[PDB]
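Structure file entry27.tsv with TSV, C-alpha atoms:
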```
chain	number	residue	atom	x	y	z
A	1	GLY	CA	-27.12	-74.29	16.41
A	2	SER	CA	-30.15	-75.57	14.53
A	3	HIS	CA	-29.84	-79.37	14.76
A	4	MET	CA	-26.64	-81.15	13.82
A	5	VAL	CA	-25.54	-81.77	17.37
A	6	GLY	CA	-26.30	-85.42	18.03
A	7	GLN	CA	-26.26	-85.13	21.80
A	8	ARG	CA	-25.50	-88.38	23.63
A	9	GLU	CA	-24.25	-90.75	20.95
A	10	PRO	CA	-24.53	-94.57	21.49
A	11	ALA	CA	-20.99	-96.02	21.66
A	12	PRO	CA	-20.26	-97.89	18.37
A	13	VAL	CA	-19.31	-95.60	15.50
A	14	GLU	CA	-22.23	-94.68	13.26
A	15	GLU	CA	-23.38	-92.01	10.83
A	16	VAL	CA	-26.19	-89.73	12.00
A	17	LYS	CA	-29.33	-91.65	11.04
A	18	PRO	CA	-31.90	-89.05	12.34
A	19	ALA	CA	-30.55	-86.88	9.51
A	20	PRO	CA	-30.91	-87.83	5.82
A	21	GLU	CA	-28.55	-85.32	4.24
A	22	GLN	CA	-28.75	-81.74	5.55
A	23	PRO	CA	-25.61	-80.52	3.68
A	24	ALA	CA	-23.36	-77.76	4.98
A	25	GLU	CA	-24.98	-74.56	3.75
A	26	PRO	CA	-22.73	-72.12	1.83
A	27	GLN	CA	-21.57	-69.21	3.98
A	28	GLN	CA	-21.22	-67.09	0.85
A	29	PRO	CA	-22.54	-67.88	-2.66
A	30	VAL	CA	-19.87	-65.66	-4.18
A	31	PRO	CA	-16.46	-67.26	-4.83
A	32	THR	CA	-15.03	-63.77	-5.09
A	33	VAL	CA	-11.65	-62.61	-3.85
A	34	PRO	CA	-11.03	-58.88	-3.12
A	35	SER	CA	-7.93	-57.23	-4.50
A	36	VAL	CA	-6.34	-53.89	-3.73
A	37	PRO	CA	-3.66	-52.62	-6.15
A	38	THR	CA	-0.67	-50.55	-5.08
A	39	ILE	CA	-0.91	-46.82	-5.68
A	40	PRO	CA	1.94	-45.52	-7.90
A	41	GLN	CA	4.02	-42.55	-6.77
A	42	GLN	CA	2.14	-39.50	-8.00
A	43	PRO	CA	4.12	-36.21	-7.88
A	44	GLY	CA	3.01	-33.14	-5.99
A	45	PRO	CA	2.42	-29.51	-7.03
A	46	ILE	CA	5.52	-27.44	-7.75
A	47	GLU	CA	3.86	-24.02	-7.74
A	48	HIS	CA	6.58	-21.53	-8.65
A	49	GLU	CA	6.46	-17.89	-7.65
A	50	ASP	CA	6.98	-14.65	-9.57
A	51	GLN	CA	9.97	-12.90	-7.97
A	52	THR	CA	10.00	-11.97	-4.28
A	53	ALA	CA	8.36	-8.72	-3.26
A	54	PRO	CA	9.66	-6.86	-0.18
A	55	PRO	CA	6.73	-5.92	2.11
A	56	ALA	CA	8.88	-3.12	3.55
A	57	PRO	CA	8.00	-2.04	7.12
A	58	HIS	CA	6.98	1.40	8.24
A	59	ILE	CA	9.01	3.96	10.13
A	60	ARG	CA	8.22	6.28	12.98
A	61	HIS	CA	7.28	9.88	12.65
A	62	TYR	CA	9.13	12.88	13.74
A	63	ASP	CA	8.25	16.43	14.48
A	64	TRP	CA	10.23	17.51	11.50
A	65	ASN	CA	8.08	20.60	11.28
A	66	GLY	CA	9.60	21.48	14.62
A	67	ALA	CA	12.98	21.36	13.01
A	68	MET	CA	12.43	22.69	9.52
A	69	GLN	CA	10.00	25.52	10.22
A	70	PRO	CA	12.37	27.55	12.47
A	71	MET	CA	15.09	26.90	9.92
A	72	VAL	CA	12.97	27.51	6.86
A	73	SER	CA	12.16	30.71	8.58
A	74	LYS	CA	15.96	31.35	8.65
A	75	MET	CA	16.65	29.99	5.21
A	76	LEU	CA	14.65	32.72	3.62
A	77	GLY	CA	16.52	35.24	5.65
A	78	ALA	CA	19.68	33.75	4.25
A	79	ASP	CA	22.06	35.40	1.90
A	80	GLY	CA	21.33	33.94	-1.45
A	81	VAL	CA	17.68	33.18	-1.10
A	82	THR	CA	14.65	35.14	-2.16
A	83	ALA	CA	10.94	34.97	-1.49
A	84	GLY	CA	9.09	33.68	-4.52
A	85	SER	CA	11.56	31.03	-5.57
A	86	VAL	CA	10.73	27.48	-6.35
A	87	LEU	CA	12.69	25.66	-3.74
A	88	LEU	CA	13.69	22.14	-4.61
A	89	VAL	CA	13.40	20.58	-1.24
A	90	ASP	CA	15.87	17.75	-1.25
A	91	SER	CA	15.25	14.55	0.51
A	92	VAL	CA	16.31	14.72	4.01
A	93	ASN	CA	19.18	12.49	4.68
A	94	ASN	CA	19.32	9.98	7.42
A	95	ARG	CA	22.88	10.29	8.67
A	96	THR	CA	21.84	9.94	12.27
A	97	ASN	CA	22.71	7.42	14.90
A	98	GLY	CA	20.13	5.23	13.17
A	99	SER	CA	17.45	5.04	10.49
A	100	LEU	CA	14.61	7.49	9.92
A	101	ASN	CA	11.98	8.26	7.41
A	102	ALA	CA	13.75	11.14	5.91
A	103	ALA	CA	11.21	10.97	3.14
A	104	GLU	CA	8.65	11.70	5.76
A	105	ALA	CA	10.93	14.48	6.66
A	106	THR	CA	11.29	15.50	3.11
A	107	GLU	CA	7.53	15.64	2.91
A	108	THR	CA	7.57	17.70	6.09
A	109	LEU	CA	10.21	19.80	4.37
A	110	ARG	CA	7.84	20.81	1.66
A	111	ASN	CA	5.37	21.32	4.46
A	112	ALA	CA	7.48	23.55	6.62
A	113	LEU	CA	8.60	25.18	3.43
A	114	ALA	CA	4.89	25.61	2.64
A	115	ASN	CA	3.92	27.15	5.92
A	116	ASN	CA	6.55	29.85	5.49
A	117	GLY	CA	5.08	30.60	2.11
A	118	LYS	CA	8.10	32.40	0.65
A	119	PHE	CA	8.91	29.41	-1.52
A	120	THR	CA	7.36	27.33	-4.13
A	121	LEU	CA	7.63	23.75	-3.25
A	122	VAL	CA	8.27	21.06	-5.74
A	123	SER	CA	6.32	17.84	-5.52
A	124	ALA	CA	7.77	14.37	-5.14
A	125	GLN	CA	5.79	13.72	-8.29
A	126	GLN	CA	8.71	15.59	-9.86
A	127	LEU	CA	11.41	15.35	-7.23
A	128	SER	CA	11.27	11.73	-6.12
A	129	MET	CA	11.05	10.91	-9.73
A	130	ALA	CA	13.96	13.11	-10.69
A	131	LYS	CA	16.03	11.37	-8.06
A	132	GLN	CA	15.24	8.06	-9.69
A	133	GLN	CA	15.46	9.64	-13.14
A	134	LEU	CA	18.88	10.67	-12.24
A	135	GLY	CA	19.67	7.55	-10.29
A	136	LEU	CA	18.76	8.09	-6.75
A	137	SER	CA	15.86	7.51	-4.48
A	138	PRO	CA	13.39	10.13	-3.23
A	139	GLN	CA	15.01	9.28	0.05
A	140	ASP	CA	18.65	9.06	-0.87
A	141	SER	CA	18.80	12.75	-1.22
A	142	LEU	CA	20.67	14.52	-3.96
A	143	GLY	CA	23.83	13.97	-2.03
A	144	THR	CA	25.69	15.91	-4.71
A	145	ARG	CA	25.23	19.48	-5.92
A	146	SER	CA	25.11	18.41	-9.53
A	147	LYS	CA	22.73	15.57	-8.65
A	148	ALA	CA	20.74	18.26	-6.95
A	149	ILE	CA	21.09	20.65	-9.74
A	150	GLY	CA	20.23	17.90	-12.11
A	151	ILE	CA	17.06	17.20	-10.21
A	152	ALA	CA	16.16	20.77	-9.37
A	153	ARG	CA	16.29	21.72	-13.04
A	154	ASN	CA	14.70	18.40	-13.94
A	155	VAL	CA	12.16	19.37	-11.39
A	156	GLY	CA	11.61	23.03	-12.20
A	157	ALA	CA	13.29	24.55	-9.20
A	158	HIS	CA	15.25	27.73	-8.40
A	159	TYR	CA	17.02	26.35	-5.37
A	160	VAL	CA	17.67	23.24	-3.36
A	161	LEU	CA	17.06	22.59	0.26
A	162	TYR	CA	19.60	20.03	1.25
A	163	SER	CA	18.44	18.47	4.40
A	164	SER	CA	19.47	15.65	6.59
A	165	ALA	CA	19.28	14.21	9.95
A	166	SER	CA	22.11	13.30	12.20
A	167	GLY	CA	22.95	12.98	15.82
A	168	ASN	CA	20.46	10.53	17.06
A	169	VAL	CA	17.94	8.94	14.82
A	170	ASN	CA	15.11	8.81	17.36
A	171	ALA	CA	15.51	12.51	17.63
A	172	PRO	CA	17.98	13.83	15.08
A	173	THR	CA	19.65	17.00	14.23
A	174	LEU	CA	18.02	18.10	11.09
A	175	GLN	CA	20.98	19.34	9.27
A	176	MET	CA	19.74	21.53	6.48
A	177	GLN	CA	21.46	23.39	3.70
A	178	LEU	CA	20.11	25.60	0.95
A	179	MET	CA	22.02	25.07	-2.24
A	180	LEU	CA	21.35	27.44	-5.02
A	181	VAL	CA	20.78	25.08	-7.96
A	182	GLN	CA	21.45	27.77	-10.56
A	183	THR	CA	25.02	27.89	-9.23
A	184	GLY	CA	25.24	24.98	-6.90
A	185	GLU	CA	26.50	27.05	-4.02
A	186	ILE	CA	25.33	26.90	-0.44
A	187	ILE	CA	23.48	30.07	0.35
A	188	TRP	CA	21.85	28.94	3.57
A	189	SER	CA	22.32	26.12	5.98
A	190	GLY	CA	21.11	24.91	9.33
A	191	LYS	CA	20.41	22.13	11.67
A	192	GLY	CA	17.63	21.55	13.99
A	193	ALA	CA	16.97	18.76	16.35
A	194	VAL	CA	13.75	17.14	15.34
A	195	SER	CA	11.45	15.33	17.57
A	196	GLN	CA	9.70	12.07	17.35
A	197	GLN	CA	6.00	12.31	16.72
```

Go through the file and emit its structure as structure tokens.
Amino acid sequence: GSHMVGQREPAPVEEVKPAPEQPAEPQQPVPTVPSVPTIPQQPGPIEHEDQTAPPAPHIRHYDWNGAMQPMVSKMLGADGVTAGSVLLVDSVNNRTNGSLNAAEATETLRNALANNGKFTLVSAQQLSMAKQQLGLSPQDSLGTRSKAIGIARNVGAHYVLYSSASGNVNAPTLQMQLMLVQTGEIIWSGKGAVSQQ
């Protein structure tokens, strides 16, 4: 508000005489005009993947040893079996009321088979493989004498221990069965209700 007010004018129209010129000072010396351009539609990342990979959950644990051991103990007292054989422990089946880690069982097989000492246990390094080599899974079980015999001989075994679980999955009947691989006949069999660990 520096000057340029002219408070209390006379009455007749008149230009401000107590002011020679005093021009209106420029607010901005720049005669510039801002400008914002529209942004074109840029695409986003596609990012493809490389085939889905099933995480695959984990199963319980059963006291398979509680099932196998007493049976393994019988299996070697079976007619057809001999101490000192390599016993192709088959995958345990899971025929139960549900789903179980019969491969866990099948491991326990070897284990219960191991504790009784009269056999020579094959490793899944052979067995599991053989199953796959032949078709199956280390879990699927041989399911078929010749599939068993295939594996057992592909594995280096004298026998087969056909095992399974039925009844109730949480606590199944471990239905076991000792197939001679060299003939494919059932020389021993059993069942034993396994526990959940």

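When CA of residue 124 in chain A is paired with CA of residue 82 in chain A, their separation reads 22.1 Å.
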
Report as JSON lines the residues of range 42-129 of chain A within 8 Å of range 155-164 of chain A, each with its shortest atom pair and distance in Å (one decimal), using only C-alpha atoms, ordered by chain and increasing residue number.
```
{"residue": "A:85", "atom": "CA", "partner": "A:158", "partner_atom": "CA", "distance": 5.7}
{"residue": "A:86", "atom": "CA", "partner": "A:157", "partner_atom": "CA", "distance": 4.8}
{"residue": "A:87", "atom": "CA", "partner": "A:159", "partner_atom": "CA", "distance": 4.7}
{"residue": "A:88", "atom": "CA", "partner": "A:160", "partner_atom": "CA", "distance": 4.3}
{"residue": "A:89", "atom": "CA", "partner": "A:161", "partner_atom": "CA", "distance": 4.4}
{"residue": "A:90", "atom": "CA", "partner": "A:162", "partner_atom": "CA", "distance": 5.0}
{"residue": "A:91", "atom": "CA", "partner": "A:163", "partner_atom": "CA", "distance": 6.4}
{"residue": "A:92", "atom": "CA", "partner": "A:164", "partner_atom": "CA", "distance": 4.2}
{"residue": "A:93", "atom": "CA", "partner": "A:164", "partner_atom": "CA", "distance": 3.7}
{"residue": "A:94", "atom": "CA", "partner": "A:164", "partner_atom": "CA", "distance": 5.7}
{"residue": "A:95", "atom": "CA", "partner": "A:164", "partner_atom": "CA", "distance": 6.7}
{"residue": "A:102", "atom": "CA", "partner": "A:164", "partner_atom": "CA", "distance": 7.3}
{"residue": "A:106", "atom": "CA", "partner": "A:163", "partner_atom": "CA", "distance": 7.8}
{"residue": "A:122", "atom": "CA", "partner": "A:157", "partner_atom": "CA", "distance": 7.0}
{"residue": "A:126", "atom": "CA", "partner": "A:155", "partner_atom": "CA", "distance": 5.3}
{"residue": "A:127", "atom": "CA", "partner": "A:155", "partner_atom": "CA", "distance": 5.8}
```

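In this model, the gap between CA of residue 151 in chain A and CA of residue 80 in chain A comes to 19.4 Å.
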
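Proximity of A:67, A:76, A:174, A:134 to residue 96 in chain A, computed with only C-alpha atoms, is greatest for A:174.
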
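Coordinates place CA of residue 132 in chain A at a distance of 24.9 Å from CA of residue 189 in chain A.
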
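Checking A:57, A:172, A:12, A:135 one by one against residue 98 in chain A, counting all atoms listed in the file, you find the shortest gap at A:172.
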
Take range 20-46 of chain A from the preceding structure and save N, CA and C atoms as an mmCIF file, in the first residue's frame.
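Result saved to part_14.cif:
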```cif
data_model
loop_
_atom_site.group_PDB
_atom_site.id
_atom_site.type_symbol
_atom_site.label_atom_id
_atom_site.label_comp_id
_atom_site.auth_asym_id
_atom_site.auth_seq_id
_atom_site.Cartn_x
_atom_site.Cartn_y
_atom_site.Cartn_z
ATOM 1 N N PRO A 20 3.921 12.030 -10.500
ATOM 2 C CA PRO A 20 4.369 12.228 -11.883
ATOM 3 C C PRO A 20 3.979 11.070 -12.791
ATOM 4 N N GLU A 21 4.504 9.895 -12.486
ATOM 5 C CA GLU A 21 4.294 8.720 -13.316
ATOM 6 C C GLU A 21 4.006 7.494 -12.468
ATOM 7 N N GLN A 22 5.009 7.037 -11.724
ATOM 8 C CA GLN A 22 4.881 5.867 -10.849
ATOM 9 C C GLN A 22 4.073 4.747 -11.522
ATOM 10 N N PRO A 23 4.627 4.138 -12.587
ATOM 11 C CA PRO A 23 3.961 3.070 -13.343
ATOM 12 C C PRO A 23 3.691 1.834 -12.495
ATOM 13 N N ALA A 24 2.747 1.022 -12.948
ATOM 14 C CA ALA A 24 2.434 -0.232 -12.281
ATOM 15 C C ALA A 24 3.579 -1.219 -12.461
ATOM 16 N N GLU A 25 4.245 -1.539 -11.363
ATOM 17 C CA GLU A 25 5.410 -2.410 -11.388
ATOM 18 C C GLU A 25 5.021 -3.829 -11.791
ATOM 19 N N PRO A 26 5.830 -4.469 -12.648
ATOM 20 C CA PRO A 26 5.591 -5.846 -13.075
ATOM 21 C C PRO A 26 5.579 -6.819 -11.900
ATOM 22 N N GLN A 27 4.553 -7.648 -11.828
ATOM 23 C CA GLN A 27 4.465 -8.659 -10.786
ATOM 24 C C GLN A 27 5.494 -9.752 -11.047
ATOM 25 N N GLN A 28 5.663 -10.092 -12.317
ATOM 26 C CA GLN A 28 6.656 -11.072 -12.725
ATOM 27 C C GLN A 28 7.329 -10.637 -14.021
ATOM 28 N N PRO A 29 8.663 -10.591 -14.068
ATOM 29 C CA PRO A 29 9.374 -10.201 -15.283
ATOM 30 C C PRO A 29 9.296 -11.269 -16.371
ATOM 31 N N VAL A 30 9.025 -12.498 -15.969
ATOM 32 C CA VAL A 30 8.937 -13.596 -16.913
ATOM 33 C C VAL A 30 7.536 -13.700 -17.516
ATOM 34 N N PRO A 31 7.440 -13.673 -18.853
ATOM 35 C CA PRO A 31 6.189 -13.904 -19.559
ATOM 36 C C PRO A 31 5.999 -15.382 -19.878
ATOM 37 N N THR A 32 6.421 -16.224 -18.949
ATOM 38 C CA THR A 32 6.404 -17.662 -19.136
ATOM 39 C C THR A 32 5.040 -18.260 -18.818
ATOM 40 N N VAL A 33 4.758 -19.388 -19.444
ATOM 41 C CA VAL A 33 3.525 -20.115 -19.213
ATOM 42 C C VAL A 33 3.814 -21.612 -19.056
ATOM 43 N N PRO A 34 3.664 -22.139 -17.829
ATOM 44 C CA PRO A 34 3.878 -23.560 -17.538
ATOM 45 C C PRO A 34 3.035 -24.465 -18.419
ATOM 46 N N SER A 35 3.493 -25.684 -18.575
ATOM 47 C CA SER A 35 2.846 -26.647 -19.449
ATOM 48 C C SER A 35 3.172 -28.063 -19.008
ATOM 49 N N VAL A 36 2.139 -28.829 -18.713
ATOM 50 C CA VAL A 36 2.311 -30.214 -18.312
ATOM 51 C C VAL A 36 1.689 -31.150 -19.349
ATOM 52 N N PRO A 37 2.522 -31.965 -20.008
ATOM 53 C CA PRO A 37 2.063 -32.901 -21.032
ATOM 54 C C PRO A 37 1.449 -34.162 -20.435
ATOM 55 N N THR A 38 0.530 -34.765 -21.172
ATOM 56 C CA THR A 38 -0.123 -35.985 -20.736
ATOM 57 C C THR A 38 0.838 -37.163 -20.815
ATOM 58 N N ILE A 39 0.770 -38.031 -19.823
ATOM 59 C CA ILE A 39 1.628 -39.197 -19.766
ATOM 60 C C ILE A 39 0.987 -40.356 -20.518
ATOM 61 N N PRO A 40 1.640 -40.836 -21.592
ATOM 62 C CA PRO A 40 1.144 -41.964 -22.384
ATOM 63 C C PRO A 40 0.974 -43.229 -21.547
ATOM 64 N N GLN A 41 0.203 -44.176 -22.055
ATOM 65 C CA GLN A 41 -0.091 -45.393 -21.310
ATOM 66 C C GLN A 41 1.055 -46.394 -21.420
ATOM 67 N N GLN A 42 1.911 -46.400 -20.410
ATOM 68 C CA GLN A 42 3.037 -47.318 -20.361
ATOM 69 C C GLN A 42 2.592 -48.651 -19.766
ATOM 70 N N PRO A 43 2.938 -49.772 -20.416
ATOM 71 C CA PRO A 43 2.550 -51.103 -19.946
ATOM 72 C C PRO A 43 3.256 -51.491 -18.653
ATOM 73 N N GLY A 44 2.743 -52.520 -18.006
ATOM 74 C CA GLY A 44 3.344 -53.004 -16.786
ATOM 75 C C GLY A 44 4.092 -54.303 -16.998
ATOM 76 N N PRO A 45 4.807 -54.781 -15.975
ATOM 77 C CA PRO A 45 5.578 -56.026 -16.050
ATOM 78 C C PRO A 45 4.682 -57.253 -16.182
ATOM 79 N N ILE A 46 5.043 -58.144 -17.095
ATOM 80 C CA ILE A 46 4.315 -59.388 -17.278
ATOM 81 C C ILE A 46 4.769 -60.412 -16.247
#
```
